[PDB]
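**Student:** Before we start, here is the structure in question, set down as structure tokens.
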Amino acid sequence: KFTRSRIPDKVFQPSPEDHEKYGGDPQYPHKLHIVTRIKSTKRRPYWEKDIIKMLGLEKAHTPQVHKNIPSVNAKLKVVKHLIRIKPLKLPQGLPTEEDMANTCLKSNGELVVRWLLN
Amino acid sequence: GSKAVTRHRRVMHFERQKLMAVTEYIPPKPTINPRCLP
Amino acid sequence: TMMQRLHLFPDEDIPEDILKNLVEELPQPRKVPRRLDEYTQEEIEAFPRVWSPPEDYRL
Amino acid sequence: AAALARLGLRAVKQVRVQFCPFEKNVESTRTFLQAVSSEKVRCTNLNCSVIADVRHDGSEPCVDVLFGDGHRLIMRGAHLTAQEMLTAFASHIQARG
Amino acid sequence: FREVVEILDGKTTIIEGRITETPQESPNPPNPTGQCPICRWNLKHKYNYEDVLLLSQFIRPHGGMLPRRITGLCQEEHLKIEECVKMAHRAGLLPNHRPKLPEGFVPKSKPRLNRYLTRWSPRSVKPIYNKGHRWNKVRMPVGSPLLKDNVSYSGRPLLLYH
Amino acid sequence: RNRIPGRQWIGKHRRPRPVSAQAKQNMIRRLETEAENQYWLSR
Amino acid sequence: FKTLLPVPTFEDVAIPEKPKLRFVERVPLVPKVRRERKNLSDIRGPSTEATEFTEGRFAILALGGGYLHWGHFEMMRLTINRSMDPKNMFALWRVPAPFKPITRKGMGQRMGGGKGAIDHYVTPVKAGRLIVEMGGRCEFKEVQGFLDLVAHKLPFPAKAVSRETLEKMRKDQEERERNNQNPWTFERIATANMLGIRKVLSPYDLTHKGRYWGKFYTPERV
Amino acid sequence: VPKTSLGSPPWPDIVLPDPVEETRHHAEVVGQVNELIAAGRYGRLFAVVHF
Amino acid sequence: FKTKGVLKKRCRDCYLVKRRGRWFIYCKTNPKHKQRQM
RNA sequence: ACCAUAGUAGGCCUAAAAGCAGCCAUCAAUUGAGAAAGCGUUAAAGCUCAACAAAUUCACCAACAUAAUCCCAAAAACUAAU
RNA sequence: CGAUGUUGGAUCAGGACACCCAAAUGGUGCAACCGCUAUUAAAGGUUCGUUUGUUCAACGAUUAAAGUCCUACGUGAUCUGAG
Ligand SMILES: [Mg+2]
Ligand SMILES: [Mg+2]
Ligand SMILES: [Mg+2]
Ligand SMILES: [Mg+2]
Ligand SMILES: [Mg+2]
Ligand SMILES: [Mg+2]
Ligand SMILES: [Mg+2]
Ligand SMILES: [Mg+2]
Ligand SMILES: [Mg+2]
Ligand SMILES: [Mg+2]
Ligand SMILES: [Mg+2]
Ligand SMILES: [Mg+2]
Ligand SMILES: [Mg+2]
Ligand SMILES: [Mg+2]
Ligand SMILES: [Mg+2]
Ligand SMILES: [Mg+2]
Ligand SMILES: [Mg+2]
Ligand SMILES: [Mg+2]
Ligand SMILES: [Zn+2]
Ligand SMILES: [Zn+2]
């Protein structure tokens with residue numbers, strides 16, 4: 001029988017070089033995910049289809065942002081072969097209420113607050 | 001449909017073949033051949 | 001049709017009619033290696049003797 | 001020494017080998033001597049004598065072989081190798097005889 | 001290079017060894033620590049069947065390969081150079097290294113087919129009558145797998161079968 | 001002249017089709033994205 | 001001139017009586033009346049039992065999986081018994097007599113109607129199991145020479161091995177797998193279900209790790 | 001310095017001018033074109049436009 | 001001559017030779033030892 | 001490539017068993033050569049192996065025919081390709 | 001299955017080669033004549049009768065030989081209809 005699948009925790013214990021490699025900080029985990037749906041749910045089991053639906057990942061190549069809490073990481077772990085996950089970065093920090101209209105999201109995964117001054 | 005075990009070697013699903021082909025052993029290649037070293 | 005615009009001659013003998021239309025000559029797609037007798041003695045002495053044969057040995 | 005035995009040395013009269021033991025170049029001629037001196041080649045014909053001439057001063061090793069064609073084959077091994085001497089010997093002394 | 005001379009005078013035959021001058025290894029190699037002759041000149045994975053100036057250094061005046069213990073080649077490279085020499089003979093380079101035979105130059109045969117990079121010998125190859133379809137296809141060998149390690153400047157691996 | 005028995009891609013005997021350098025590239029690139037993917041899922 | 005070397009000497013070898021192979025029976029003495037389903041799963045994958053030597057220093061090692069019926073036992077028994085010095089060598093069965101009933105129908109039957117009847121008995125052999133174990137005051141080389149015949153006439157691919165040969169190829173097997181240059185191994189991808197590949201794989205694969213496929217075993221597979 | 005079919009890359013060697021002389025050359029050229037514009041010596045213009 | 005899948009020397013006088021893109025076993029003493037690899 | 005002489009037909013059973021149907025010992029001369037690893041003989045004699053000496057590139061395994069109207073894209077080993 | 005008419009003959013044969021004859025060879029427990037094997041070769045050949053509906057098979061006489069097969073067990077909008 002083809003079934004769902006366990007994923008041993010050993011997979012998710014990061015090696016010290018990986019920090020250097022993907023650009024994560026050894027000390028502090030990032031706060032938010034930008035998840036994108038890179039593949040299609042067709043030819044995949046219904047449960048992955050559902051997980052993708054409830055992650056807001058319905059439309060392809062569109063970014064979506066999610067908490068980095070374990071509740072979410074569980075579902076993401078199920079569909080991790082269908083998606084691309086990159087940490088959200090805030091060079092200019094989080095947007096105030098004056099900056100909502102000028103916000104834009106650059107492909108390096110970073111959120112710029114002031115877009116196109118004069 | 002064929003049984004799991006068979007006599008004739010049993011062609012794989014293409015995706016499995018791609019798996020097999022990507023995961024082949026790669027022998028380490030020394031920078032200089034030890035023979036052509038002193 | 002465009003097979004009719006192709007003209008093939010086994011050697012170089014071409015009707016002067018067909019010679020008089022030629023605009024330009026395409027560069028040959030393979031670089032032809034010279035034989036050993038084509039090389040200038042300059043080029044032969046310029047390339048290193050790699051090994052030193054024993055004087056006793058006969059060729 | 002075998003290829004000489006197969007070839008039926010009986011067409012030969014006299015074989016002498018003149019060489020100079022203390023020279024550095026004589027190993028070849030010596031190899032020839034021990035190839036012709038072997039029991040097979042020696043017993044193919046009893047009409048043939050094998051003489052070893054040993055001198056310190058002569059300084060040039062040499063091999064001289066007479067046979068009944070009225071032929072005289074003289075090979076001066078100096079820079080000549082053993083099996084070149086024995087091949088020359090074979091094709092020379094067999095094809096003629 | 002030691003020539004062997006034979007003379008016939010009055011029912012006496014003289015055979016003698018005679019020494020000529022051998023050219024010497026060029027004064028200053030790039031990798032003097034290097035073991036094998038190809039390697040100390042940094043020619044490993046560089047020479048092809050096409051490089052004659054290199055190949056003609058190991059062979060005999062009559063076109064055959066020199067032995068290995070004389071030349072000093074690393075075993076692998078010896079085989080490579082042998083392949084190359086065959087391939088180059090067949091390609092029609094080294095025309096001076098054939099054996100000279102006064103009679104046989106006269107009897108023309110159909111003008112030599114120009115070929116290059118030929119792995120087998122011409123007399124030994126059966127024509128492939130059956131080709132075969134896209135999935136089972138008979139491929140025709142070009143060049144030798146001994147040279148599959150030559151440096152590729154394009155980056156794409158040399159294509160050994162078509 | 002060399003027929004594939006029955007239907008091409010289905011049965012006990014199938015059309016042999018080989019894996020392409022292209023396919024190895026693609027598969028490997030996916031793998032890389034997934035390894036990174038499960039790095040970011042780790043902490 | 002060549003210098004000698006000390007010859008291997010066997011003072012410690014004790015030869016048992018009846019050194020030649022026992023005759024094995026075509027059919028077990030208590031014939032199985034109840035028709036068994038065929039686990040093919042008993043030929044499939046690596047072997048657990050009979051992986052190691054016991055008394056002897058030589059063996060035939062099974063590289064594939066297969067069924068051994070009486071014909072093969074006969075073949076091995078005769079071939080080995082007249083190929084050995086009964087004084088200096090002894091042999092041993094590392095495999096049980098054939099116990100597993102295999103059915104057939106008369107040729108010309110339509111499908112269905114019930115199970116067939118018991119035609120013969122076989123022994124299941126998983127890849128990596130020693131078939132026959134030969135000890136003695138022998139050097140490996142003679143034994144190897146005539147053992148490879150037997151090995152070759154077995155249904156699965158097989159080899160003749162000594163203790164030294166076996167540990168050689170095992171250390172080589174693991175050393176090849178810690179040498180590996182490419183980051184992507186069957187284990188690594190399968191366990192973590194990368195690319196959702198678990199869809200195309202069988203559960204057993206997690207254990208087999210792409211070394212075993214059906215009854216076949218490819219040793220080159222890391 | 002030996003020469004084999006391979007040891008030398010099969011493509012023309014490139015020499016790109018020093019950055020300073022290049023910056024000078026560029027300013028010079030721009031000056032020239034700019035003169036062409038100021039004088040009105042361009043005949044008729046075409047323009048590729050995103051719309 | 002026999003066409004065989006495996007060539008093996010049947011005596012000390014057999015020699016082994018590659019001609020016409022094949023392997024051959026020729027024997028001068030016993031011509032019955034002649035073999036051609038298929 | 002090279003080379004082969006000694007107790008001795010070792011003791012037995014057999015018409016004969018002389019290194020070589022079989023059973024048992026497996027010692028011993030010579031720098032060196034098994035109471036003999038292959039062939040051979042009715043029993044021998046006779047050819048080779050291992051032994052000295054002579055020398056010394058490297059040498060473990062690996063090879064496998066075919067169908068019926070007409071083969072079946074054409075072709076091609078490098079100018080830079082995550 | 002709103003029909004892909006079925007055995008053997010006749011006629012005309014298309015093809016494979018796993019060769020029966022003709023050609024060229026290797027091995028022989030090949031002296032010679034015969035043979036027995038194996039390799040290569042498919043342009044051309046491969047009989048007439050007694051009985052059987054017969055294909056096979058048996059028998060008479062011969063042939064250089066009387067090949068093995070495939071073609072909707074080739075071929076009924078060309079024939080036959082014994083079965
Ligand atoms: Mg199934
Ligand atoms: Mg079909
Ligand atoms: Mg099919
Ligand atoms: Mg087998
Ligand atoms: Mg010897
Ligand atoms: Mg055949
Ligand atoms: Mg075509
Ligand atoms: Mg119907
Ligand atoms: Mg209709
Ligand atoms: Mg016809
Ligand atoms: Mg044929
Ligand atoms: Mg004939
Ligand atoms: Mg015909
Ligand atoms: Mg039928
Ligand atoms: Mg019909
Ligand atoms: Mg009809
Ligand atoms: Mg009608
Ligand atoms: Mg019709
Ligand atoms: Zn080298
Ligand atoms: Zn032989």
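Neighbour counts run over all protein chains shown; Cβ positions are idealised from the backbone, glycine included. Nothing in this text is a laboratory measurement; each read-out follows from the coordinates by a stated rule.
**Student:** Explain nothing, just the number: dipole magnitude of the range D:27-97 about its Cα centre with +1 on each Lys and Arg Cβ and -1 on each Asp and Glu Cβ, in debye rounded to the nearest 20.
**Tutor:** Values: 7 positive and 8 negative charges, 38 e Å.
With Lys and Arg at +1 and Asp and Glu at -1, about 180 debye.
**Student:** Among C:33, A:64, E:136, whose Cα sits farthest toward the positive end of the charge dipole of the protein assembly as shown (+1 at Cβ of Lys/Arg, -1 at Cβ of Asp/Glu, about the Cα centre)?
**Tutor:** The residue sitting farthest along the positive end of the dipole is E:136.
**Student:** Once phi is turned into θ = phi - 60°, what whole-Hz ³J(HN,Hα) does the Karplus curve with 6.51, -1.76 and 1.60 give for every residue of the range A:8-14, x standing for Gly and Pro?
**Tutor:** Taking θ as phi minus 60°, the curve returns x, 5, 4, 4, 9, 8, x Hz for the range A:8-14.
**Student:** Any idea what the dipole of chain E comes to, in debye rounded to 20, about its Cα centre with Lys/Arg Cβ at +1 and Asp/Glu Cβ at -1? It would help to have the intermediate numbers written out before the result.
**Tutor:** Numbers: 27 positive and 14 negative charges, 258 e Å.
Approximately 1240 debye in magnitude.
**Student:** Next up: Within the range F:1-40, list the chymotrypsin sites (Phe, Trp or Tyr not before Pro) lying in a DSSP loop whose Cβ has at most 15 other Cβ atoms in a 10 Å radius. Spell out each step's value before the answer.
**Tutor:** Values: sites: F:9, F:39, F:40; in loops: F:9.
Those satisfying the criteria are F:9.
**Student:** Compare D:16, D:42, D:55 in a GNM of chain D, Cα atoms joined below 10 Å, and give the one with the largest fluctuation.
**Tutor:** So, out of D:16, D:42, D:55, the one fluctuating most is D:55.
**Student:** Still on this model: Suppose every K and R has +1 on its Cβ and every D and E has -1 on its Cβ; what is the size of the dipole of the range G:2-222 about the Cα centre, in Debye to the nearest 20? Each step should come with its number before you reach the end.
**Tutor:** Values: 40 positive and 25 negative charges, 246 e Å.
Dipole of the range G:2-222, to the nearest 20 debye: 1180 debye.
**Student:** List the residues, sorted by chain then number, that are 5 or more residues from residue I:23 or on another chain and whose placed amide H is less than 5 Å from its amide H.
**Tutor:** I:37
**Student:** Right, here's the next one. At 222 nm, what value in deg cm²/dmol follows for chain C if DSSP H runs of at least 4 each add -39500 (n - 2.57) and the sum is divided by all its residues, to the nearest 500? Can you show the working numbers first?
**Tutor:** Working: 2 runs with 10 residues, N = 59.
Using -39500 (n - 2.57) per qualifying helix, the result is -3500 deg cm²/dmol.
**Student:** Moving on. Which trypsin sites (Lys or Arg not before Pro) in the range A:46-118 sit in a loop by DSSP (not H, G, I, E or B) and have at most 10 other Cβ atoms within 10 Å of their own Cβ?
**Tutor:** Values: sites: A:49, A:53, A:59, A:67, A:75, A:77, A:80, A:84, A:89, A:106, A:114; in loops: A:59, A:80, A:114.
Loop-located and lightly packed - A:59.
**Student:** Under a GNM of chain E (C-alpha, springs under 10 Å), which listed residue has the highest mean-square fluctuation: E:136, E:150, E:48?
**Tutor:** Of E:136, E:150, E:48, the most mobile in the Gaussian network model is E:136.
**Student:** Rank E:59, E:15, E:81 by mean-square fluctuation in a GNM of chain E with C-alpha springs under 10 angstrom and give only the top-ranked residue.
**Tutor:** With Cα springs under 10 Å in chain E, the top fluctuation among E:59, E:15, E:81 is at E:15.
**Student:** While we're on this one: Using just the helices of chain D, give the 222 nm mean residue ellipticity in deg cm²/dmol: DSSP H runs with n ≥ 4 each add -39,500 (n - 2.57), and the total is spread over all residues, rounded to 500. Numbers along the way, then the final one.
**Tutor:** Numbers: 4 runs with 34 residues, N = 97.
-9500 deg cm²/dmol, from helical runs alone.
**Student:** Ignoring everything except DSSP H segments at least 4 long, calculate the 222 nm mean residue ellipticity for chain G; use -39,500 (n - 2.57) per segment, divide by total residues, nearest 500.
**Tutor:** Working: 5 runs with 52 residues, N = 222.
Result for chain G, helices only: -7000 deg cm²/dmol.
**Student:** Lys/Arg Cβ at +1, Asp/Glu Cβ at -1, dipole of chain D taken about the Cα centre: which of D:25, D:87, D:52 is farthest positive-ward?
**Tutor:** Comparing the listed Cα positions along the dipole, D:87 ranks first.
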